[PDB]
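Ideal geometry is used to build each Cβ from the backbone, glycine not excepted, and the neighbour counts take in all protein chains shown. Just so it is clear, none of the values below were taken in a lab; they were calculated from the coordinates.
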Amino acid sequence: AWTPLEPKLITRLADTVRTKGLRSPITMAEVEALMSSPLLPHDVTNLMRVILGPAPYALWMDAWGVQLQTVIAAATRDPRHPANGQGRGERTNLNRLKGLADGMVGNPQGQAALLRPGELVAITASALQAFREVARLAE
Amino acid sequence: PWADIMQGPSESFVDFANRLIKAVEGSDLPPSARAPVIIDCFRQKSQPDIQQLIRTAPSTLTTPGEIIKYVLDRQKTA
Amino acid sequence: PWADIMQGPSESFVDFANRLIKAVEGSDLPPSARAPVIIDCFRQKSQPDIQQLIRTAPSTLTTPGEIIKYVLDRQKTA
Amino acid sequence: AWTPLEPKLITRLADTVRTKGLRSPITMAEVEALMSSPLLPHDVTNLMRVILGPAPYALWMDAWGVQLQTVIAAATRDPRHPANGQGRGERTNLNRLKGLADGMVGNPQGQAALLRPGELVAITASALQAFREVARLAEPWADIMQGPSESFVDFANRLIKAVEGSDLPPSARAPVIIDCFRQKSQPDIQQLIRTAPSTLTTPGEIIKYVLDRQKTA
Amino acid sequence: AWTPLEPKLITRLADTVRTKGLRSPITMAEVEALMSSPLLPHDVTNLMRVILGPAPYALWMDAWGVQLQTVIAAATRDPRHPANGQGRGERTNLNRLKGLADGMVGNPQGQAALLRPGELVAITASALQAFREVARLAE
Amino acid sequence: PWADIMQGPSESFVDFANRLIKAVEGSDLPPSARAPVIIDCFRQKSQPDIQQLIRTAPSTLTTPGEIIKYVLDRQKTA
Amino acid sequence: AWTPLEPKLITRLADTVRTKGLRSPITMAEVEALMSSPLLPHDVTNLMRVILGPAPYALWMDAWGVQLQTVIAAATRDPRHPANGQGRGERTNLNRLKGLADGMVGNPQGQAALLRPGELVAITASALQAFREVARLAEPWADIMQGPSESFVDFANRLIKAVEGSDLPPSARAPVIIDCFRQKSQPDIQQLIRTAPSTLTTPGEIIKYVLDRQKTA
Amino acid sequence: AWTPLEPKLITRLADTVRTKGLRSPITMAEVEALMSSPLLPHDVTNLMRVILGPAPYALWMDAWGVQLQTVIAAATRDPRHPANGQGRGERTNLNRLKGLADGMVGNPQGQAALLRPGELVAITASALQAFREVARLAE
Amino acid sequence: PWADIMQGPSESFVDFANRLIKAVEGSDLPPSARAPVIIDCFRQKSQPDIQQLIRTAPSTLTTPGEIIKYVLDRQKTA
Amino acid sequence: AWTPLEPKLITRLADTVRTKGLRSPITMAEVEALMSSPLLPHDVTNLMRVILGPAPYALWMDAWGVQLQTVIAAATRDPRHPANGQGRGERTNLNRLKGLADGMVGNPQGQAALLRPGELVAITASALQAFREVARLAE
């Protein structure tokens, strides 16, 4: 069952990003805090939509896609990925990682249903690395 | 109005990009027409120093984020 | 001391590069840390005209030789 | 059966040569147009008599003879020339090429009778090359500078014209045009080309880059 | 059999380009008119040599080469190109498109002999797109 | 009259050649006597600088076109 | 057995590079002299460390690596390289060329033991080409005119120097030198070259002709 | 086995040519000294590249070619040339004399391998005569 | 004395050649040394106009008769 | 048997050449007169030595050699020359025409012995044409 993040925590994090900036160690610590439980693509996408401005959000979408592509290359380079399965029918496509696959587009409940925990942690680590890249790039 | 936005002589580039993306996304354009418009407004607005900086890009920039990153890297510190 | 080397207002760039590479290679740094230090010293020393010339490089320069070649190509003849 | 060229087309071509000159690309295009069907020696000779003045006509007769002699040397160097035959009795003499052979002198009908199509096309190509030589001869790239007030497209036009209409080999025009763009083209554009983050390896690319990043004034 | 374009039409088109410029809609209409029948590389090359100045002609040679290279990439990406054939022996090289192949250099008759109609229409469309690019670039 | 044509002190050589060939071909001479007359008029008219230029020709010039080409090549640019 | 180069010769070469520069023909001749016997990677590396400054040495390391990579591409494109062998077990890796392979790092004796003579000559030619590139890079022909008072041999020396020490391809230097002799070289020599009864098709022949028939003054 | 000439001797000879000139009897004696052992085309070519300036080097290349052509004419006029052999398969082409033949271009070791001693002495005498001609011509 | 013979400023070339050949053949030189001496005296005497005329000879003149013929052909009529 | 020309006629002809010049029609008529009987190379050579100055004599030697070479080319182009014979053993070399062959050098008697009448008339016509050339060239 999907539970959304508190809008109070999200508002506090947005104001933190607004006053301290993207690169302060306190901001990265707060992001790591709100990046503790494995989030669904819907959660991370809306979180970055709210806390980041338009141009940093575009940059972050780009960087997140690139990092997820590196993850999928490593996944096709190793059939023992915690997102993959043993047979070929469990291979994870980027539509399933970005939340674009069938039964997931716009629906967080179905998303949480079909996604694997390894998928969730890989998406989360990818999003964190992308946030780091964009923060280092913006300023 | 997005089509009336110019980068001022003294304005920085991140402020101009913020203002332009705000006015383009908060307008009556379809969602699939915002990125090309933002790019082509970066290229034709954004006073001729940055215009030439974007023009002479050895790589092809196909996203507002990539253009912003490139310009922030190679901008004239002043 | 390598970290105290600045490009003088009247000094050419090849002399500055020679002096800097000499002081960095004849120092106590490990061999695997000389190239990144030379690059980051080219970027932060080397008075702001060449600083902006290196900053606005459409290509990514990942070697002191490549940076030297680029700067020698596009330098302000004077 | 021999059909003469229209005197209207010949008059228009003569006036074209009179106003534009011998070396203009429009004039060479018009000559290529009137050089489309394989012409008999009579046709080309009268055509050059009408369109060219006396001295260019003398020069053209010389050059045409030289080129035809080169053709006949290649023909004696290969018995499979489309003008030649297999046996030795079909070897083509210069009297047959210049229209001086027996049964051809002054008579275009007999000319068209005895001549081969390979003979006609060889004569035609020879005459075209001779016209090119004389045009290049009748009317300096290393002295061309971009004036202080001149635009860059005019300078590029003038330079490319003078370099392509010169005595350089065809494989040496592009490097010369590039290196003349770099050393001529007054120091603002010189520095603009020097500080090119990309490597420009063609005159067209240099022209495009300069037109993009030029100082609007 | 190869028939050359009228020098009268070419002279009128050259004067049109001289007075109206490269980008006027009347000039593009006239070029489309003289670009009606599929032209051999010799025809288009001489046409652009006559109507364009030296620097626009250099730019146009560059652009034509680039567009022909894109065409050849699409051709190696699809063996059913109207310029290609079914077997590998009919694959079309850029020497055959630019008129540089064997039996074609400087000879328009042999050119018209060996070239395909699909080759001709592809060359013609490429030249038209290159003219459009150069016209948009010159002014 | 062809036999009265001289190259003026300030006239170029192509104008003189044009005038002379015109007057010789539009005259009462037989067709087989025009080329030798044009050559011998190039040699004796065409003021003494070009006269000496034609005289000291290491090759033998046997055609008006060849003489014109030679003189145009080796003429004193002024 | 490995024998080091004399430090006396190396000191003389270093002072030559210090006074004359990297691009002088005497310096390139001296380098060719000390590049006569096939050197081991250790020898060439230490030689360039001593004769070149820090920044030219970095540039030279880069260029040497690039040229060696081109050599290894040609080697994988032809199994008959004098550095390669017939079987796949003799294929030469860049660690063996740069002296980084096993049993070679820092030891010139072991280096000389395992290396092939073809390997040595390929390394040496690569290092020479890299030195040429860096020398051309570390320090304009179309702007050279013969001064009103300058002699012709000085002008020819200056022009040939600037043309050969430039970015032109090797196959484009002679035509450019000729066409610059013809258009530069103030109008007395211009007319002297123009009125040449023979056709001059080489800079040496043009120089000889002009030196013969020049106006003694 | 090929052994290069000492760069010390070459430097001394170059400075001799620089101070005394090309035509002094001491310079010709020094050249005769360094022309004692039969040199390979590589050796003489590099020697003249180093000791002569650019324009004298061009003149010397011309003169050397002419003298070698005279030698090859005498060789085809007499099958008993010390460079030739008895059969027709040993006839010496100018590519073999100028070092342009197969297996010789740029490689002095292979050069020394395939060349004959008569070839070497003929090349050497030709180069000496060419040097004399150029020296008489330069001043 | 042959080595003291100069072509006067107003003297023609055939008179100078006659005088020089006379003095050289009626002297104490060996018979095999007269032609080279006559040639080298034509080249160094024979005032600088004819000197330059002989110098700029596209062909190589290897006989006094050939030099005389060439000079008589290309001489400055005056 | 060889009979020399009268020194009185030769003196009169020399004074004619001295007063009237080389090109006067009276001088050419006198030369044709003294060129009536076929002369041996010795006779014509001494005649031109006496009547011509040194420089015209050099020019005449050159021109005579050239004309004799043209004659010998025509002779090798036709085996029916009145100087030639039918077999190859009668082919006439320039040493026999210029009087340089064996048994002729300096001896007019032996000259008259071995020479053919066709040889004599060819030599005479060649000398006359050479005299005409030199006379046209001298003034």
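Observations, loosely collected:
- Filter result for residue D:179 (facing another protein chain (nearest Cβ under 8 Å) and closer than 26 Å to residue C:75 by Cβ): yes
- For region I:52-70, a residue qualifies if it is under 24 Å from residue I:10 (Cβ atoms) and at the interface with another protein chain (Cβ under 9 Å from one of its Cβ atoms), and the qualifying residues are I:52, I:53, I:55, I:56, I:64, I:68, I:69, I:70.
- Among the numbered conditions (1) farther than 19 Å from residue D:184 by Cβ; (2) charged (D, E, K, R); (3) crowded, with 16+ Cβ neighbours inside 10 Å; (4) within 14 Å of chain F (Cβ to nearest Cβ), the only one that residue G:188 does not meet is (3).
- Among residues of region J:7-57 being within 14 Å of chain I (Cβ to nearest Cβ) and in contact with a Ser or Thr (Cβ under 8 Å, 6 or more places away or on another chain), the one that is farthest from residue J:96 (Cα to Cα) is J:21.
- In a residue-by-residue description of region G:14-24, the property of being of a type in the set (A, V, I, L, M, F, W, C) and either more than 29 Å from residue H:48 (Cβ to Cβ) or within 12 Å of chain H (Cβ to nearest Cβ) (or both) applies to no position.
- So residue D:25, is it surrounded by 13 or more Cβ atoms within 10 Å (Cβ to Cβ) and under 14 Å from residue D:128 (Cβ atoms): no
- Test: residue B:77 is away from chain C (no Cβ under 13 Å), β-branched (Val, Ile, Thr) and part of a loop (DSSP other than H, G, I, E, B): no
- Selection count where residues are over 22 Å from residue G:59 (Cβ atoms), surrounded by fewer than 16 Cβ atoms within 10 Å (Cβ to Cβ) and either of a type in the set (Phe, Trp, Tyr) or more than 10 Å from chain D (Cβ to nearest Cβ) (or both), scope region G:130-156: 6
- The helices (runs of 4 or more DSSP H) found entirely in region E:85-139 that carry 1 or more residues being of a type in the set (D, E, K, R) are E:94-97, E:117-138.
- Taken as a whole, the condition of being acidic (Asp, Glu) and not in a helix (DSSP H, G or I) applies to residue A:78.
- Leading residue by the ranking (nearest to the chain's Cα centre (by Cα)) among those in region D:195-216 that are within 13 Å of chain E (Cβ to nearest Cβ) and of a type in the set (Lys, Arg): D:208
- Listed by first and then second residue, the pairs linking a residue in region J:110-130 that is crowded, with 16+ Cβ neighbours inside 10 Å to a residue that is assigned to a loop (DSSP other than H, G, I, E, B) and of a type in the set (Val, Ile, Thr), with Cβ atoms under 7 Å apart and 6 or more places separating them unless they lie on different chains, are J:119/J:92.
- Residue list for region D:42-95, filter: farther than 25 Å from residue F:67 by Cβ and in a helix (DSSP H, G or I): D:42, D:43, D:71, D:72, D:73, D:74, D:75, D:76, D:88, D:89, D:90, D:95
- For region I:30-49, a residue qualifies if it is within 14 Å of chain J (Cβ to nearest Cβ) and surrounded by 13 or more Cβ atoms within 10 Å (Cβ to Cβ), and the qualifying residues are I:34, I:35, I:37, I:38, I:39, I:41, I:42, I:46.
- Residue E:62 vs. criteria within 11 Å of chain D (Cβ to nearest Cβ), among the charged types (D, E, K, R), within 16 Å of residue E:130 (Cα to Cα) and in contact with a helix residue (DSSP H, G or I) (Cβ under 7 Å, 6 or more places away or on another chain): yes
- Filter result for residue B:26 (more than 21 Å from residue A:64 (Cα to Cα) and among the small types (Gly, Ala, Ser)): yes
- Evaluating residue C:7 against the criteria (1) in contact with a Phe, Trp or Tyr (Cβ under 8 Å, 6 or more places away or on another chain); (2) within 12 Å of another protein chain (Cβ to nearest Cβ) leaves one unmet condition, (2).
- Of all residues in region A:3-43, those being farther than 26 Å from residue A:119 by Cα, part of a helix (DSSP H, G or I) and of a type outside the set (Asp, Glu) number 11.
- A residue that is surrounded by fewer than 17 Cβ atoms within 10 Å (Cβ to Cβ) and under 23 Å from residue E:120 (Cβ atoms) can be found somewhere in region E:8-16.
- Meets criteria (in a loop (DSSP other than H, G, I, E, B), under 10 Å from the mean Cα position of the chain (by Cα) and among the small types (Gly, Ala, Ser)) for residue F:10: no
- Residue check, residue E:94 within 13 Å of chain D (Cβ to nearest Cβ) and either under 24 Å from residue D:16 (Cα atoms) or surrounded by fewer than 20 Cβ atoms within 10 Å (Cβ to Cβ) (or both): no
- Restricting attention to region D:163-176, the residues being more than 9 Å from every other protein chain (Cβ to nearest Cβ) and within 14 Å of residue D:203 (Cα to Cα) number 1.
- Within the set E:67, E:86, the sole residue that is within 14 Å of chain D (Cβ to nearest Cβ) and closer than 19 Å to residue E:122 by Cα turns out to be E:67.
- Qualifying residue in region F:42-61 (condition: hydroxyl-bearing (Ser, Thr, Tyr), over 20 Å from residue G:194 (Cα atoms) and more than 9 Å from the chain's Cα centre (by Cα)): no
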